[PDB]
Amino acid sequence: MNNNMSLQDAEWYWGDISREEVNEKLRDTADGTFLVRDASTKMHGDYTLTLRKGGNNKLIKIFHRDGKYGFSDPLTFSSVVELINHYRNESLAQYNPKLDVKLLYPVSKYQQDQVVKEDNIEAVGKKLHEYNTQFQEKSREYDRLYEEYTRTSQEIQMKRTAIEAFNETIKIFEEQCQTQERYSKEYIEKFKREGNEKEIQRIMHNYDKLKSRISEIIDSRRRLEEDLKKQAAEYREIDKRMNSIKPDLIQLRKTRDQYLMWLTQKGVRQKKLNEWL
């Protein structure tokens, strides 16, 4: 049954797709995941088997000579389907003992048939229009949240440095209390016995003014502390909203791409695809 099927009908056979398309189907997939594509025309070989191993994509060339296929001399397989089905049951250690695994999970080109079983072209196209509109909408919703996010992050930066600049100011104005304390200790002493209260009247006036000025500054950074706590909170909230859109975005993109694939594998005009999108 299996060995007699055409390579053309093989689920793991994708034909003329590029190495970059292969990468996007193999990203974050378990070891044993595989697919076959045509080899690049400027090279020896006919097909490239690609499989997951230790988190990497391994490329193995399939060569042909006189009706036989294989990875190296000698070529012993009668067809590519025969070759692949052999290594779905046997470990690749038989070929190379360093890459010890089996071809376990095929990337089927009848993948989208599971998600979309809708047989009508126009029904699939119209659902492509619905999934695309949803995706574009959420993309722009996420985009605005990112603008908000970055702006919020930048304004928090300004406030944090302003807090440190307030603290520095308070230090200077507090050291100014130290200097006035160390300077007046003997100058109030001289006129405590001389009874000159008129001078004390304007020295204490200056000192009270200094204390009065500190209050405002401490209060101003106290107000900035509250603003910052409020804006940091906004930041975390924007971040929460973004983390909810992300999963929905990937799913909406994945569904659109698979619905685009179904119409492509049915060969719908490149112009009618753009009227839906």
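The term rigid core refers to the maximal set of C-alpha atoms that superpose within 1.5 Å between the two forms. Start at 1 with the first residue shown and count on from there.
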> When the other structures are laid on this one by the rigid core, do the CA atoms of 140-148 or of 84-92 sit farther away in 8 other deposited structures of this protein?
Replying inline: 84-92
>> Fitting on the rigid core only, I'd like to know which of the two stretches, 104-112 or 151-159, ends up farther away in Cα terms in 8 other deposited structures of this protein.
In response: 104-112
> Of the other PDB entries compared that resolve residues on either side of residue 43, does at least a third omit it?
Replying inline: yes
>> Tell me which stretch has the larger mean Cα B-factor in this entry, 129-137 or 192-200.
In response: 192-200
> Once you work out the mean C-alpha B-factor for both 144-152 and 109-117 from the entry, which is higher?
Replying inline: 109-117
> Which listed residue, 166, 71, 77, 183, has the largest C-alpha temperature factor in the record?
Replying inline: 183
>> Ranking every modelled residue in this chain by its Cα temperature factor as given in the entry, which third contains residue 208?
In response: highest
>> Which third, lowest, middle or highest, does the C-alpha temperature factor of residue 23 belong to within its own chain?
In response: middle
>> Quick check on the deposited entry: does the C-alpha B-factor of residue 159 sit in the lowest, middle or highest third of its chain?
In response: lowest
> Looking at the C-alpha B-factor of residue 177, is it in the lowest, middle or highest third of its chain?
Replying inline: highest
> Among the chain's modelled residues, which third holds the C-alpha B-factor of residue 103?
Replying inline: middle
